[PDB]
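**Student:** Got a sequence here, can you model it:
(4 chains)
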Amino acid sequence: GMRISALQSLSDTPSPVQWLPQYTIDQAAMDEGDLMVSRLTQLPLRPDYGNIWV
Amino acid sequence: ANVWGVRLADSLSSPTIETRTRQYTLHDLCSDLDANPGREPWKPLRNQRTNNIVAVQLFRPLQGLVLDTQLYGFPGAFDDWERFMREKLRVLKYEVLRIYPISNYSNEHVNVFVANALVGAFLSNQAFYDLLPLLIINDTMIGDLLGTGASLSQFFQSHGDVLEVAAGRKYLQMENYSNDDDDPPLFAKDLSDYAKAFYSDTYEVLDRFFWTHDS
Amino acid sequence: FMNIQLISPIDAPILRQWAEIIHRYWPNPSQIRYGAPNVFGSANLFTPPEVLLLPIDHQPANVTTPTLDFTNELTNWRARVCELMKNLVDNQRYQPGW
Amino acid sequence: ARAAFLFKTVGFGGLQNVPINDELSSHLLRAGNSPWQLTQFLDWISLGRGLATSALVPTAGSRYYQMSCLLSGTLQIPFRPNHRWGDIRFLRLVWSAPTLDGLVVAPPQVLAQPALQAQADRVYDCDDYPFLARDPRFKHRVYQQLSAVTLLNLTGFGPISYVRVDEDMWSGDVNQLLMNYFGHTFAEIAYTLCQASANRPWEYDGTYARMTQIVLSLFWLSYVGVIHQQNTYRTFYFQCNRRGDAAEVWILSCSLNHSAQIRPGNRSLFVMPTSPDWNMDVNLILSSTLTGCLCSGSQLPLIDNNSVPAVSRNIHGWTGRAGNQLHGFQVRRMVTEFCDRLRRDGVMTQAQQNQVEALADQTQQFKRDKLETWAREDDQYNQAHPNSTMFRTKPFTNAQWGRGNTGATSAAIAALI
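**Tutor:** Residues are numbered from 1 along each chain as shown, chains lettered A, B, ... in the order given. Sure, structure below:
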């Protein structure tokens, strides 16, 4: 059960890219959602701070 | 989608057009022996980190090196190896042209096994004069070697109606191959005798041969 | 012994070379044909009938009046062995008492 | 050479199962638990010197049919699409190994569970089972016997034999080997050829293949009456002193009186008996067995679909669209054909013909009575014990007793020369 189509592709880009989400009518419990995030969370870590004022 | 540990892209694509065959003639043998332009019958392989050349890949007349490396007397460098090959092939070309006049035998085919074996024997300093009468096909590429009982076991032999041939080297390892993480993989084709080939006309005879032979 | 990355090329180069020599220049096994099964049959249990296995590669002779030849596998092994002996004998670390 | 390895199983005779039961199976395996019985068969018929008879195996054809039934019933376990061997039983029997060496009695847990229910007239391929495909020598060694079974089970009549005439078959080595068999009976030669075939499979055009084809041609040409002492085929022929008897003996002989002129070229045909008399004639059974043992190494011409029943049609390597037909004869009329051909050639008188025909009539009377009585006993047993339902001999009908196409096959075999 396949389709005939070559492996077209893109190249390596050394920069992070902007992203914006789209939602759907699917519904889930908020306490469940936070349970997964804490499981997948990459924290703790020390970030760079930057500048409040320039 | 997943096959043990490897992932698949969920779409298919295969080649649809195929080229044609081309016979191997005496003129093309001479031209390959010439190696004057960048038409040399070998190509270089480079390291990915230090960009230096570490091996060579071999082509039509050069695929016959089955003895150990020291017997061939190759130099460790690339440029010296290139010079050595050019010189020896130049000498062998005239030794061949001595036997076969160019205006007479221009339009005839060559026995490829014999070309590879002759080149290898010439480089290794074996008696190569026996192979020379076999350098032009007369009846059939396989049949001529089958019908000749007087040959050299260094290259090929006959088991009834099956021709056993020693598979030659594909890659030749220069001095710089340190088994690096960027050294190209040679896939065990740089060894002395990594395989054996059996040639015939019908697959039925081949499998009825491997009946008796151990697999 | 299985993988050569576990041996340091700077600490034990001699053993690195010896392992490489063993791994790529050990003799190859072979087989020959024998017997006449049309009367005697065969008693080969695990190998196929008519086949005799050897640990050393075999090549038939072309000439009935032989003269010395060194292209045989056994001489090639001895050549590796003698070269490897020469490496550690030439050592300046071995020589002082000699 | 041969590229396909298909075979066909036995078909029910109106019963609800394969016509073999536990009693007959234990009778077969009393001295050896191997389902491949072809050697033990040869020890039972005793070189064909007399009329072999047992309580459960009244004839030789009975044993041949029962071997066919056992193989057809039992080989359906490992040939299921799941290809498992040691999980279920067929009539208290299970397989010893994945390589099908022999049969043993099922363990108690398998005895508690039910048995496989086999089906009639199945066609199987040897390459489907992995352990057969892996080992070629094993496949050929068993396919010889499977070819013999298919030759019995292809049609409703007796076994099928193959006859070939060709001049280029003969060579120096064939002459050298053939001279050694002078003075031997047909059964002895068949025994030795079968053992040699068992030990080592034959080349496509080997000495043994051409030898056995020549032997079959000699036997059938002598059987019809074309070739005798006074008209030889390169001095070789087969001789019977007691034509028409219940257990005939044919002896290979050499004679220098004459040599028949032979047309060049290659010719062949398939012949078979239709009357039930073949159940007691060992030479015909052995001829079919020799053809079966040959079929492994070579490829025979296809048989036409119009000479075989419907279920046995379009088998990949056996039957085809416009192949050769089958030539069927029945025994009693062929004796008249033999005597007539000899008398026309001038080497036999009328009184000798009279004596031969009288002896053959007595023999046929005895054989017909015995076969009908055994059929009646089997019917009675099948009615008494509905849980057994067995057959001791291949079924037949009354219409098979009449002659049919006998003259045609006789003429064709005489026209092979």
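
**Student:** Around chain C, pick out the residues from chain D.
**Tutor:** Counting by CB under 8 Å from any CB of the partner chain, chain D comes close to chain C at D:137, D:196, D:199, D:200. Every C-beta, even on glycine, is put in place using the N, C-alpha and C of the backbone.

**Student:** Need the max-distance pair from those residues.
**Tutor:** Using CB to CB, the two most remote members of those are D:137 and D:196, lying 15.4 Å apart.

**Student:** Between the two, which has more neighbouring residues?
**Tutor:** For residue D:137 versus residue D:196, the count of surrounding residues by other CB atoms under 10 Å in any protein chain shown is larger for residue D:196: 16 against 13.

**Student:** The more buried one contacts residue D:206, correct?
**Tutor:** No. Applying CB atoms under 8 Å, one finds residue D:196 not in contact with residue D:206, separated by 10.6 Å.

**Student:** The residue nearest to the spatial centre of chain A sits in which helix or strand?
**Tutor:** Central residue of chain A (CA atoms, centre = their mean): residue A:19, 8.2 Å from the mean position. Residue A:19 belongs to no helix or strand when elements are defined using DSSP states H and E.

**Student:** any idea how far it lies from residue D:124?
**Tutor:** 61 Å (CB to CB, to the nearest Å).

**Student:** Nearest to chain A within the stretch 101-250 of chain D, name that residue for me.
**Tutor:** residue D:128 (26.5 Å; CB to the nearest CB).

**Student:** what sits against that residue?
**Tutor:** Taking CB atoms under 8 Å, 6 or more residues apart in numbering or on different chains, we find residue D:128 in contact with D:79, D:83.

**Student:** Look up phi and psi at residue A:22.
**Tutor:** Per-residue torsions, residue A:22: phi -120, psi 140 (degrees, to the nearest 10).

**Student:** The residue of chain C found nearest chain A and chain D, how far apart?
**Tutor:** Of all residues in chain C, the one sitting closest to chain A is residue C:5 (28.7 Å; CB to the nearest CB). Separation of residue C:5 from chain D (CB to the nearest CB, to the nearest Å): 38 Å.

**Student:** before we move on, what about residue B:86?
**Tutor:** 50 Å.

**Student:** The nearest residue to that residue once chain neighbours are set aside: neighbour count?
**Tutor:** Closest residue in space to residue B:86, ignoring its immediate chain neighbours: residue B:35 at 5.6 Å, by CB to CB, 6 or more residues apart in numbering or on different chains. By other CB under 10 Å, 18 other residues sit near residue B:35.

**Student:** what's the residue lying closest to residue C:9 once chain neighbours are set aside in contact with, if anything?
**Tutor:** Nearest residue to residue C:9 in three dimensions, chain neighbours excluded: residue C:16, at 5.3 Å (CB to CB, 6+ apart). Listed by CB under 8 Å, 6+ apart, the contact set of residue C:16 reads C:4, C:7, C:8, C:9.

**Student:** how many neighbours does the first one have?
**Tutor:** As a burial measure, the neighbour count of residue C:4 was computed by other CB under 10 Å and equals 13.

**Student:** so it makes contact with residue C:21?
**Tutor:** No. If you go by CB under 8 Å, residue C:4 and residue C:21 don't touch, sitting 11.6 Å apart.

**Student:** wait, isn't residue B:81 in contact with residue B:72?
**Tutor:** No. In this structure, residue B:81 is not within contact of residue B:72 by CB under 8 Å, at 10.2 Å.

**Student:** So for these two, which residues contact both of them?
**Tutor:** Counting by CB under 8 Å, 6+ apart, nothing touches both residue B:81 and residue B:72.

**Student:** How many neighbouring residues does residue 20 have?
**Tutor:** I'll assume chain A. 4.

**Student:** wrong one, I was asking about chain C
**Tutor:** Residues near residue C:20, counting by other CB under 10 Å: 14.

**Student:** sorry, back to before: among the contacts of residue C:16, name the buried ones.
**Tutor:** Among these, those classed as buried by 16 or more other CB atoms under 10 Å in any protein chain shown are residue C:7.

**Student:** Out of the contacts of residue C:16, the closest to residue B:76 would be?
**Tutor:** For these, the nearest to residue B:76 is residue C:9 (18.1 Å; CB to CB).

**Student:** That closest one in helix, strand or coil?
**Tutor:** coil (DSSP: H, G, I helix; E, B strand; the rest coil).

**Student:** Contact residues of chain A facing chain B?
**Tutor:** A:2, A:3, A:4, A:5, A:6, A:7.

**Student:** how close does the third one get to residue B:11?
**Tutor:** Using CB to CB, residue A:4 is found at 7 Å from residue B:11.

**Student:** neighbour-wise, which of those two wins?
**Tutor:** Between residue A:4 and residue B:11, counting by other CB under 10 Å, residue B:11 is the more crowded of the two (12 against 8).

**Student:** Check the contacts of residue C:16 and tell me the two furthest apart.
**Tutor:** Pairwise distances across the contacts of residue C:16 (CB to CB) peak at 10.3 Å, for the pair C:4 and C:8.

**Student:** quick one, phi psi at the residue in chain A that chain C sits nearest to?
**Tutor:** Proximity to chain C, evaluated over chain A using CB to the nearest CB, is greatest for residue A:12 at 28.7 Å. When quoted as degrees, to the nearest 10, the phi and psi of residue A:12 stand at phi -70, psi 130.

**Student:** again with residue B:55
**Tutor:** phi -160, psi 170.

**Student:** Tell me the residues of chain B that contact chain A?
**Tutor:** Near chain A, when you scan chain B using CB under 8 Å from any CB, you find B:9, B:10, B:11, B:12, B:13.

**Student:** Give me the nearest residue to the last one, chain neighbours excluded.
**Tutor:** It refers to residue B:13. residue A:6 (4.3 Å).

**Student:** doesn't residue B:15 make contact with that neighbour?
**Tutor:** No. The pair residue A:6 / residue B:15 is not scored as a contact, 11.2 Å apart, by CB under 8 Å.

**Student:** count of neighbours near residue 18?
**Tutor:** Just going to use chain A. Neighbours of residue A:18 using other CB under 10 Å come to 4.

**Student:** wrong one, I was asking about chain C
**Tutor:** 17.

**Student:** before we move on, what about residue D:390?
**Tutor:** Per other CB under 10 Å, the neighbour tally for residue D:390 reads 21.

**Student:** can you check residue C:28 too?
**Tutor:** Neighbours around residue C:28, by other CB under 10 Å: 13.

**Student:** need the contact list for the residue nearest to it when sequence neighbours are not counted.
**Tutor:** If the residues on either side of it in the chain are set aside, residue C:28 comes closest to residue C:57, at 4.8 Å by CB to CB, 6+ apart. Residue C:57 makes contact with B:193, C:27, C:28, C:29, C:30, C:73, according to CB under 8 Å, 6+ apart.

**Student:** Check residue D:69 too.
**Tutor:** D:10, D:18, D:19, D:20, D:24, D:391.

**Student:** Quick check: the gap between the residue nearest to it when sequence neighbours are not counted and chain B.
**Tutor:** With sequence-adjacent residues excluded and distances taken as CB to CB, 6+ apart, residue D:69 is closest to residue D:20, at 4.2 Å. Residue D:20 sits 34 Å away from chain B, going by CB to the nearest CB.

**Student:** Equivalent analysis for residue D:348, please.
**Tutor:** Residue D:348 is 49 Å from chain B, by CB to the nearest CB.

**Student:** what are the phi and psi angles of that residue?
**Tutor:** According to degrees, to the nearest 10, residue D:348 has phi -150, psi 140.

**Student:** Ok, the one 5 residues further on next?
**Tutor:** The phi and psi values for residue D:353, taken as degrees, to the nearest 10, are phi -60, psi -40.

**Student:** Any idea how many residues pack against it?
**Tutor:** Residue D:353, neighbours per other CB under 10 Å, totals 17.
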